[PDB]
């Protein structure tokens, strides 16, 4: 009846950097009391995501995300299997997900807060529902469709920052699926650069820690940049914007280089860069995937189809054990992941 759970131990501060120690794992007893409409689930996988950085602050800065509470269990995207149900629409063995899954090994939840998933959409890789066939992938798809202005055969050049992460590795491929002739990725390591061009189909890759970014954009985007799928903001984006074309579009996915600072989101561009934006009529609007829930079902089917068609390559990085949730979040925030960071909590499904 003993389970492990992760609680928020301390807050780093809006200007601080997150560390594994901000999280603490403890044991609690799960009273075997399952009531009408509740189910008991065994957690299989949990996600860690950049937005969780905002939940670590007392104030998140937006109505759509609530702050985590000190000493209370943390929660986020999760996938699990139902071990017992007293909910009339859920059965033992069903696989389910929630965007508010407690970081705990076994949980008793209200069946109405869960969504039953279909394994065949992901060829049995349930963790994909937390990534490419889930919110990150929907964010890339919907962001490109809504903000990218790409048409088949316009021969536009797309640059993707955070290119080897969950949203960015998916965004680059979709840019090719939908019409961009050239897709260039910017990422933090040599190893990621290699994967971008050798496996994910990117035309070129730029390592921002070791290359002269401006020099490499000029060499790999000889015609300028028409669409920038921005995951990072900061200096990298100032550089990309510098080479963006008239009437180009920034899909403002996120600005992770700024998440450990108290600047409101999204940060403004500096005077000189905003001047370029205004002179060249570059569009930079906010994009929040939660504003498009009505596009979710068909987005998931589209992402699933591309995957089943052999076109979309889905990458993930796995860390094991609930005791490593904190380290996994810290690792993903600092570049340890290729693709979607996932934490495997259990494989027990019988």
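Numbering follows the first chain given and starts at 1. We call the rigid core whatever largest set of C-alpha positions still superposes within 1.5 Å between the two forms.
Asks: Give, as the answer, the stretch of 46 to 54 and 29 to 37 that departs more from the shown form in 5 other deposited structures of this protein; the measure is RMS Cα distance after a core fit.
Replies: Stretch with the larger root mean square C-alpha distance in 5 other deposited structures of this protein: 29 to 37.
Asks: If you line up the core and then measure how far each C-alpha sits from this form in 5 other deposited structures of this protein, which stretch comes out higher, 85 to 93 or 114 to 122?
Replies: So, of the two stretches, the farther one in 5 other deposited structures of this protein is 85 to 93.
Asks: Comparing 204 to 212 with 95 to 103, which stretch shows the greater average C-alpha B-factor in the deposited entry?
Replies: Per the PDB record, 204 to 212.
Asks: Could you settle it for me: does 66 to 74 or 321 to 329 have the higher average Cα B factor in the PDB entry?
Replies: Averaging CA B-factors over each stretch, the winner is 66 to 74.
Asks: Return the residue from 139, 89, 243, 173 that has the highest Cα B-factor in the entry.
Replies: Of 139, 89, 243, 173, 89 has the highest C-alpha B-factor.
Asks: In this PDB entry, which of 160, 276, 195, 256 has the top CA B-factor?
Replies: Max CA B-factor in the entry, restricted to 160, 276, 195, 256: 276.
Asks: Considering every modelled residue of the chain and its Cα B-factor in the PDB entry, is residue 3 in the lowest, middle or highest third?
Replies: Ranked within chain, residue 3 CA B lands in the middle tercile.
Asks: Tell me, lowest, middle or highest third: where does the Cα B factor of residue 226 rank within its chain?
Replies: Middle third, going by the recorded CA B-factors of the chain.
Asks: Which third, lowest, middle or highest, does the C-alpha temperature factor of residue 50 belong to within its own chain?
Replies: For residue 50, whose C-alpha B-factor we compare with every modelled residue in the chain, the answer is the lowest third.
Asks: Would you mind ranking residue 169 by its C-alpha B-factor against the rest of the chain and naming the third, lowest, middle or highest?
Replies: Residue 169: CA B-factor falls in the lowest third of its chain.
Asks: Can you tell me whether residue 119 has a C-alpha B-factor in the lowest, middle or highest third compared with the other modelled residues of the same chain?
Replies: Middle third - that is where residue 119 ends up once the chain's C-alpha B-factors are sorted.
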